[PDB]
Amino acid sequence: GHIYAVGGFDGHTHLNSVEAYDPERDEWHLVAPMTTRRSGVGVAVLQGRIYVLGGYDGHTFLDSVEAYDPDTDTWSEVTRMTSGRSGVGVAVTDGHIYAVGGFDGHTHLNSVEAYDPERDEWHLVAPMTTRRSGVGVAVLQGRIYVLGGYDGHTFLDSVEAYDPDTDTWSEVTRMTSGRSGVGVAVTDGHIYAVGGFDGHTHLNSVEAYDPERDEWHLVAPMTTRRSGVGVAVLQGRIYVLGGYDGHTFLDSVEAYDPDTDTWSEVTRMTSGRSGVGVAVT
């Protein structure tokens, strides 16, 4: 597999470029660009295609969606979401894509919508309790976990879980820190919350959720403090890409091996990308 880094902001330009990472060659290169510039974009993989949704293009908050097919190196339009959403979280489960929260240009949303492949149409599902943009989303067992974010007032440490079978939300133990712009990975039965911004500092800490014990614990921190990051799991390793450290729009990438609790540097992206979306396919 490859890691795809989608869009983002490089400090001057909202990007429509997309690049792919090969972990054996430890190299990044551009692929075909997307049609729309997008930072704060949500990304998911459904039946081998990469779906990119929402974001901000430099002028407008987007409700538009596009899909990439790696085999043909071609982007195709997909039906629009019910609302524009930047800083949106994205989950795939049951053959559905969920878009969670986000900022529509005026307010932070607690609404959540689902993409129905029966119809190529989006529709709202039950809302979360808290409004959240810059939110991290993970699928674990059958449930969608929503972590952190920003609600317009508070940098959130709270976590909620969605059950798609019942279209209902439940509370989960809060994280050790508020984390807006947080990255999320699931590997080996744990959810990792990576980085973020807590209102005073960008974070290099990383914490892991054990669902057996409903407990968060810190693990080894990354080298660079980062919010607006992309996170991917590939070949047992957690890759953290891009983001913003409070000064610089980052092109740096780090990899974490859960078996050694060790972060290692890997090759930089072709561009700095904050608010970058990530897919593994």
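In this text, residue numbers run from 1 along the sequence as written.
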{"query": "Segment of higher mean CA temperature factor, 163 to 171 or 75 to 83", "finding": "163 to 171"}
{"query": "Stretch with the greater mean C-alpha B-factor as recorded in the entry, comparing 205 to 213 against 121 to 129", "finding": "205 to 213"}
{"query": "52, 62, 241, 222, ranked by C-alpha B-factor: the highest one", "finding": "241"}
{"query": "Given 39, 235, 252, 35, the residue at which the Cα B factor reaches its maximum", "finding": "235"}
{"query": "Relative C-alpha B-factor of residue 277, binned into the chain's lowest, middle or highest third", "finding": "middle"}
{"query": "Modelled-residue ranking by C-alpha temperature factor, third containing residue 105", "finding": "middle"}
{"query": "CA B-factor ranking of residue 229, expressed as a third of its chain", "finding": "middle"}
{"query": "Position of residue 134 among the chain's modelled residues by C-alpha B-factor, lowest, middle or highest third", "finding": "middle"}
{"query": "Residue 144 by Cα B-factor - lowest, middle or highest third of the modelled chain", "finding": "middle"}
